[PDB]
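Visitor: First, the structure itself, so that you have it in front of you.
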Amino acid sequence: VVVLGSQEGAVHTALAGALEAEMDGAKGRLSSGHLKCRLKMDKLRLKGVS
Amino acid sequence: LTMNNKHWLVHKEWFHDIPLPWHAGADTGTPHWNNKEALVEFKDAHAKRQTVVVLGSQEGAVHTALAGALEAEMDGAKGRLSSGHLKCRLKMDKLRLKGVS
Amino acid sequence: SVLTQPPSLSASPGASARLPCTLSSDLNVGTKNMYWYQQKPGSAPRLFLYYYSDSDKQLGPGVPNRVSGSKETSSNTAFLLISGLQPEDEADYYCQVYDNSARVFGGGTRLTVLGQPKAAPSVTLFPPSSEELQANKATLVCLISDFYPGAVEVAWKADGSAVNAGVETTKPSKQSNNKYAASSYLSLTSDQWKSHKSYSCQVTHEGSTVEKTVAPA
Amino acid sequence: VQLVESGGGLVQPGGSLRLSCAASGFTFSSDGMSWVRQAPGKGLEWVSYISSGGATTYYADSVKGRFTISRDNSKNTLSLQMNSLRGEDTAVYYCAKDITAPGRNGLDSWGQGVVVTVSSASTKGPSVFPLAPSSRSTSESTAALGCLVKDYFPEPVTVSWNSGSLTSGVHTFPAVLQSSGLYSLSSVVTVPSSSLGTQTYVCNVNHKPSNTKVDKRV
């Protein structure tokens, strides 16, 4: 009886193509967008008219 | 082909086109590897730094690629394959019976 | 699982060509996917038609609308149909089926878009010469030239009983005047050759048989 | 879409070959693939199938235990390693997309194929024998005589008649390939019967690969 060996290279080649992103630490940081925003600058005043 | 205590019989054209780092001969101190890019990849350069990582073990990759090949072993520094098909033609003219008397 | 196709079929352009594919009782044609592949001389096979029903089908890339398919359950047979035939449609056609990991091909129908008045085959049969008999062997050669669509069947005979040993026949081959040629060989020994009073080469083409005989006398 | 096969050639009973198929023009990692055979002059025969991911493999019983199919989706290469080759394995091997869809399948696209030849004999010259009429049908005094060229190994055999003098009515036929592994060929000429006693009939066979030049008194 024998072990097959590490399947690191097998899975790494299998995941080739998808969207992926990294974390550090204990917070999963993703890299993807599509944030549909709507903003109001009503109280956004100036600094230098005078 | 000797991988690690695992041994196979391998065709030449497939062995020449294995996309892994290689060096021709035996060792005499610091062998020079070629196409080292095969097991190391750079990713996501940001203007002063690019990350680089090793790919990991290719044991399962080649063991899967070798599926169905003629297997073999090695020990005693010369032991080898388990394969047959030996066509023989034998004569027993000088073969006598013992104890007929 | 056996798919049965006629070895060769022949028709003229403008015809509604019908190429059958009988399924063995193993399968039921009405429940099967039908895949037809076209192969012209000098080319690889091409997916010609997928057919499950008149509502479930798909023609191959670049395959004209004239191509269709059908089934008949009583005879367990699938059909390839070609409306308005044309010389381009001349090729070999193979039906195929899937069955639990097995991709089963039929024998293949060699369709001949008729171009010629169906020609009469010209046959000649030669006996073994002398020089080879003294070398203890005896080979009879039967040569077929100038015949209509390249499909003949040769049967070898000896004293009335059909022989099925030492026989090798060439595939049909297009030659100079766009007609076909072939040759069948019967390999025997010198004593085998003398044992029988008479041998015959029996070539059939489109259900009409030509038969030539040769004698050791 | 292009499927280019390679890795075949002339082998001898026993031993092993490894066929490879390079794929391009489509997403290779998403399709099942299969090998299909076509012997010279014969129909198609399925060899083996491999799934898109490679988890499931299938083999025809005529090849089980001897062939094994492999995949390398990162390189877009399909493999078929054949062990213990027999004469039955002599054929053209096609690489084909064996697709899987919702209730639809098929060999969508094919490659041009690679030739694999299993043969036992090494290299052999021919033996030439005449083919006399010995019968005279006398249909416009037309008598047909020839010569058979038996048991040569390499296909190139050039046949002439009367050292190029005889060109009208010459017919050299395609060869057979016998179970012995060798080729046999015949050539025949139709000649007026008025020449049986006057014109000397001679057949000129040349087999260059084995350096044989045999001219027989046909």
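Residue numbering restarts at 1 in every chain; chains get A, B, ... in the order shown in the structure tokens, and ligands count up from 1 in that same order.
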Select residues of chain C: the criterion is any atom within 6 Å of an atom of chain D, counting only C-alpha atoms; output as a VMD selection string.
Guide: chain C and resid 44 47 103 107 170
Visitor: Restrict the selected residues to N, CA, C and O atoms and save them as a CSV table (one decimal), in the first residue's frame.
Guide:
```csv
chain,number,residue,atom,x,y,z
C,44,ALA,N,-10.7,13.4,-43.9
C,44,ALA,CA,-11.2,12.8,-42.7
C,44,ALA,C,-12.7,12.8,-42.6
C,44,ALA,O,-13.4,13.5,-43.4
C,47,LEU,N,-18.8,15.2,-39.2
C,47,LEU,CA,-20.1,15.0,-38.7
C,47,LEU,C,-21.1,15.6,-39.7
C,47,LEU,O,-21.2,16.8,-39.9
C,103,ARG,N,-19.1,3.5,-28.6
C,103,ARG,CA,-19.5,4.2,-29.8
C,103,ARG,C,-19.4,3.2,-31.0
C,103,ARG,O,-18.3,2.9,-31.4
C,107,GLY,N,-21.1,-0.5,-40.8
C,107,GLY,CA,-20.1,-0.9,-41.8
C,107,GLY,C,-19.7,0.2,-42.8
C,107,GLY,O,-18.6,0.2,-43.2
C,170,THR,N,-7.9,-7.0,-53.5
C,170,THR,CA,-7.7,-5.6,-53.4
C,170,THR,C,-9.0,-4.9,-53.2
C,170,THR,O,-10.0,-5.3,-53.6
```
Visitor: From chain B, collect each residue whose DSSP state is strand (DSSP E or B) and return the set as a ChimeraX atom specification.
Guide: /B:2,7-9,22,34,40-43,51-54,70-72
Visitor: I want to know what sits within 10 Å of residue 6 (chain A), based on only C-alpha atoms, with residues of the same chain fewer than 4 positions away left out; could you give that as a count of residues only?
Guide: 8
Visitor: When the cut-off is 9 Å and we count only C-alpha atoms, which residues of chain A are near chain B, given as a PyMOL selection string?
Guide: chain A and resi 4-10+12
Visitor: Could you give me, as a tab-separated table, every chain B residue with an atom at most 8 Å from chain D, plus its closest atom pair and distance in Å to one decimal, counting only C-alpha atoms, rows ordered by chain then number?
Guide:
```
residue	atom	partner	partner_atom	distance
B:11	CA	D:18	CA	7.6
B:64	CA	D:70	CA	7.9
B:65	CA	D:70	CA	6.4
B:67	CA	D:68	CA	7.1
B:68	CA	D:68	CA	5.2
B:69	CA	D:81	CA	7.4
B:70	CA	D:83	CA	7.9
```
Visitor: Return as JSON lines the residues of chain A lying at most 9 Å from chain D, together with the closest atom-to-atom pair for each and the distance in Å to one decimal, counting only C-alpha atoms, with rows in chain order and ascending residue number.
Guide:
```
{"residue": "A:13", "atom": "CA", "partner": "D:74", "partner_atom": "CA", "distance": 6.9}
{"residue": "A:14", "atom": "CA", "partner": "D:53", "partner_atom": "CA", "distance": 8.6}
{"residue": "A:16", "atom": "CA", "partner": "D:74", "partner_atom": "CA", "distance": 8.6}
```
Visitor: For the residues in that selection, give me C-alpha atoms as a compact mmCIF listing (two decimals), in the first residue's frame.
Guide:
```txt
# COMPACT_ATOMS: atom_id res chain seq x y z
CA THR A 13 -3.95 23.40 -12.58
CA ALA A 14 -7.63 22.56 -12.04
CA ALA A 16 -6.86 27.73 -13.68
```
Visitor: Using backbone DSSP assignments, extract all helix (DSSP H, G or I) residues from chain A; output them as a PyMOL selection string.
Guide: chain A and resi 8-14
Visitor: Could you write out that same residue set with C-alpha atoms as a short mmCIF file (atom, residue, chain, number, x, y, z; two decimals), in the first residue's frame?
Guide:
```cif
data_model
loop_
_atom_site.label_atom_id
_atom_site.label_comp_id
_atom_site.auth_asym_id
_atom_site.auth_seq_id
_atom_site.Cartn_x
_atom_site.Cartn_y
_atom_site.Cartn_z
CA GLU A 8 -1.11 20.47 -5.05
CA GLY A 9 -0.15 20.74 -8.72
CA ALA A 10 -3.27 18.79 -9.67
CA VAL A 11 -5.69 21.21 -8.03
CA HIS A 12 -3.68 24.33 -8.90
CA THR A 13 -3.95 23.40 -12.58
CA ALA A 14 -7.63 22.56 -12.04
#
```
Visitor: Write out as a ChimeraX atom specification each polymer residue whose atoms come within 9 Å of residue 99 (chain C), counting only C-alpha atoms; drop sequence neighbours fewer than 3 positions from it.
Guide: /C:1,27,32,102-104
Visitor: I'd like the contact shell of residue 211 (chain D) - 10 Å cut-off, only C-alpha atoms, skipping same-chain residues fewer than 4 positions apart - returned as an mmCIF file with N, CA and C atoms, in the first residue's frame.
Guide:
```
data_model
loop_
_atom_site.group_PDB
_atom_site.id
_atom_site.type_symbol
_atom_site.label_atom_id
_atom_site.label_comp_id
_atom_site.auth_asym_id
_atom_site.auth_seq_id
_atom_site.Cartn_x
_atom_site.Cartn_y
_atom_site.Cartn_z
ATOM 1 N N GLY D 125 12.730 -8.984 -50.986
ATOM 2 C CA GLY D 125 12.611 -8.860 -52.422
ATOM 3 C C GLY D 125 11.543 -9.764 -53.013
ATOM 4 N N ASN D 206 11.276 -4.067 -61.492
ATOM 5 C CA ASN D 206 12.373 -3.477 -60.734
ATOM 6 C C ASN D 206 11.867 -3.166 -59.332
ATOM 7 N N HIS D 207 12.559 -3.690 -58.323
ATOM 8 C CA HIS D 207 12.245 -3.457 -56.913
ATOM 9 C C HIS D 207 13.446 -2.746 -56.289
#
```
Visitor: Please list as a PyMOL selection string every residue within 8 Å of residue 20 (chain B), counting only C-alpha atoms and excluding residues in the same chain fewer than 6 positions away.
Guide: chain B and resi 35-36+38-39
Visitor: Kindly save the residues from that selection, with N, CA and C atoms included, as a tab-separated table (two decimals), in the first residue's frame.
Guide:
```
chain	number	residue	atom	x	y	z
B	35	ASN	N	14.77	26.31	-18.32
B	35	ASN	CA	13.34	26.65	-18.24
B	35	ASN	C	12.82	26.56	-16.80
B	36	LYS	N	13.56	27.22	-15.90
B	36	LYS	CA	13.14	27.31	-14.50
B	36	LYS	C	11.78	27.98	-14.36
B	38	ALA	N	9.20	26.99	-15.54
B	38	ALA	CA	8.16	25.97	-15.54
B	38	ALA	C	7.58	25.73	-14.16
B	39	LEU	N	8.36	25.96	-13.10
B	39	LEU	CA	7.91	25.69	-11.74
B	39	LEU	C	7.88	26.95	-10.88
```
